[PDB]
Amino acid sequence: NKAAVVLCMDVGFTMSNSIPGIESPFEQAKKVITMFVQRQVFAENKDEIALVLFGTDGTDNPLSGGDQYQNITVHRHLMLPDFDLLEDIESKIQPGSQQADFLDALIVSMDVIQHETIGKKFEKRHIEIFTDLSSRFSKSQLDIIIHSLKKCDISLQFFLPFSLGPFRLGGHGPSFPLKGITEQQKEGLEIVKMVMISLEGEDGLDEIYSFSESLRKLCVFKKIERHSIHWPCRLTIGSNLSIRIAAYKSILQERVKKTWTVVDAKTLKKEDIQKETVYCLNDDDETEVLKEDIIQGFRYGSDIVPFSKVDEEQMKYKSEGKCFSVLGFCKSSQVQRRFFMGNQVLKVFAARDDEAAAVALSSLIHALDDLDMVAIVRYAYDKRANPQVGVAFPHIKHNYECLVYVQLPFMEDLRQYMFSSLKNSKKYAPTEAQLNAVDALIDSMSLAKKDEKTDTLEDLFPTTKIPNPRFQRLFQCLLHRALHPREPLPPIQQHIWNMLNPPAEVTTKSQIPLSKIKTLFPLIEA
DNA sequence: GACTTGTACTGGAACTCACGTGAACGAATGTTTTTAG
């Protein structure tokens, strides 16, 4: 499953206008595109990327017939990204001295998508445009653009310097204050809104991001990310009732797919280094014993009991693999989140294409939701997988419904520890002033706000939408080392810290209560 | 002052626990190529 992405970028004079105290839009767009290319390259994704720049002095586009579609250059064709693209983005791409509209650039991007994707099969086609919307443009080709986009199945995404005192990139705050926007910018925003509505309906509004917002949203990869595989099984409620189901891994910790290979310092080759493991007895002679002369064993309280691998396999617990059986139903209040185990969460839907299984699963989910119940079930990936006991609870949304499954603990997996009570201690009991100070601190540091007469909490620091900074740090360090072999690693990028920190308003409001708490609470290190 | 014996103190190593990283095998599924009917 491959994809084609055409990145359209403005390099005009307006993009270079760096307002004091705010980074220029050109730099923010460069950072966003660099992040996208880093993710695409270092992830070893088989995705094709092309780059079109509109606003350059020259013209290097196929549509350069006469005096139309000028100041547009196809910097890179539709071929796999490499370090060359990153190097060009970083150093040898400078702002142009001419201003060009984004409509002819978008037409050029569609033409590139159509022509290049003639000898290759691509499941998805995406076009991303980074522009300021501060250039004159003509609407004569809007209808044909929309028709071509709809016919060719091409997705669209817009990135602008402004979203729909101090300013920080990815700082969970206002990037571009709404004081100074030019009229042409308003017209361009309205046109972009019209195009997005005409393409994806009302859902298209959410696809108009901002550089600062996009730097901490992972939105650029939304339309190219691959779906997880499905695990098919049969949910069993008895011995004669079965519902075909498919389970996906809704949540799973993401690790680094690429490992580190040990190489020799003098020569950077892994074939000159060999790693071997040896076994020796408990004798001064260090007698060597072959692997075939080794037997598995276990400790039995100061006594060693030999236990060969074949014997263990013969006598190990055996069960019928690939089972999803409902042990029973219990009140949801009897299952507590603190007891959740495992490292994954499963989302169970009906089978691929069948109305009967969907109806049965919907009936079960609705019954559980109405009765306030969850299903204690037995889960086993396959014959080898160790069977586990888990809880499946309904999850109903306006657009879809499913069963969320999370593993549950065993009796020996629970640790019984005793902790001294704090509410009945005469030495650690806080005073009224201390409680008031803590209450003031909590009030002054609320990450959720109440909306205007609608009773809908709004999250000010949605950490769930923040990408993992480790991957970005690793990618930036790898790129710096590749392009600068003879320099040390650079410091952590500022926007990473900005996105990893809360809004400055919270700290500003919390300054006073924190000082009050410090004065009231005496803390001294031992 | 030098040796011996007995008692008390104490920081380092052994052990355990827990987590992260990397490598290998087999199960289950899906997909592609080749060959007999």
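So you know, we letter chains A, B, ... as the sequences are listed, proteins then strands, and number each from 1. Heavy-atom basis, side chains included; hydrogens, waters and symmetry copies ignored.
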Between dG26(B) (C1') and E313(A) (CD): distance, integer Å: 11 Å
Whole-Å gap separating P (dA23(B)) and NZ (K257(A)): 14 Å
Integer-rounded Å distance: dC25(B) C1' and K309(A) NZ: 10 Å
Proximity of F349(A) and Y248(A) rings by center, below 6.0 Å: yes
Sidechain N-carboxylate O distance under 4.0 Å for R125(A), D153(A): yes
Atom-to-atom span, CG of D382(A) to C1' of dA28(B) - whole angstrom: 7 Å
Earlier contact from the 5' end, DNA chain B, for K322(A) and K258(A): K258(A)
Contact under 4.0 Å: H230(A) side-chain N or O vs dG30(B) OP1/OP2: yes
Short N-O contact, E207(A) and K222(A), less than 4.0 angstrom: yes
Spacing of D413(A) atom CG relative to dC17(B) atom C1', expressed in whole Å: 15 Å
Value in whole Å for how far the P atom of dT29(B) lies from CZ of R244(A): 12 Å
Backbone of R470(A) reached by a side-chain donor or acceptor of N468(A) within 3.5 Å: yes
Candidates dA18(B), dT29(B), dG20(B) - which lies nearest the side chain of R415(A): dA18(B)
N-O pairing of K309(A) and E312(A) below 4.0 Å: no
Closest-nucleotide ordering on DNA chain B, the 5'-leading residue of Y381(A) and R299(A): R299(A)
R384(A) side-chain proximity, nearest of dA23(B), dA28(B), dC25(B): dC25(B)
Proximal nucleotide (of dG22(B), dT21(B), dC25(B)) relative to the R470(A) side chain: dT21(B)
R352(A) side chain near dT29(B) phosphate (N/O to OP1/OP2, under 4.0 Å): no
Sugar-phosphate only, base, or nothing, as touched by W260(A) at under 4.0 Å among non-hydrogen atoms: sugar-phosphate
Euclidean distance, atom NZ of residue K121(A) to atom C1' of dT31(B) [Å, nearest integer]: 13 Å
Rounded distance in Å - NE2 (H227(A)) to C1' (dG30(B)): 18 Å
